[PDB]
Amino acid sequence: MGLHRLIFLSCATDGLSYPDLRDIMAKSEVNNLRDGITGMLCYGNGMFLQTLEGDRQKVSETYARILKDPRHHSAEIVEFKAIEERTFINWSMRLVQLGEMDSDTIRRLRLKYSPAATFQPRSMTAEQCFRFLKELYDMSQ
């Protein structure tokens, strides 16, 4: 039924540590590679913003799995639509931490695509979330 892209956000569980983030990256890369899924996970200011690209069914099944994870709560879908080609091609999953990135670059990128004084993905539109993640992916290459 074709290639799709999903974008959703969520609130991280309190006290998340680096080993927790690395654990997410490690399982996501293996499962996604198996499932034909690509994407990117953005972490900052206690919030997750993720995009997954792939088959309509596979991406749905992965999202239903991600909802069971106790490392986050209060998930919101931002968008689900058919896409002509992938944007997030290179990584089965890439984690980007806004805190390990140039303070100035991120502030300008977060301002560019958002009205918020901090990283607040609930205040961004679907196209803003996409373009935010696209620039993170393009610089994190």
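Numbering starts at 1 and runs along the sequence shown.
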field: Comparing 64-72 with 97-105, the one whose average Cα B-factor in the PDB entry is higher
entry: 97-105
message: Please compare 127-135 with 15-23 and name the stretch with the higher mean C-alpha B-factor in the deposited structure.
response: 15-23
- prompt: If you compare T87, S92, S114, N45, which has the highest Cα B-factor in the entry?
  reply: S92
- request: Determine which member of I77, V30, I83, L52 has the highest CA B-factor, using the values in the deposited entry.
  value: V30
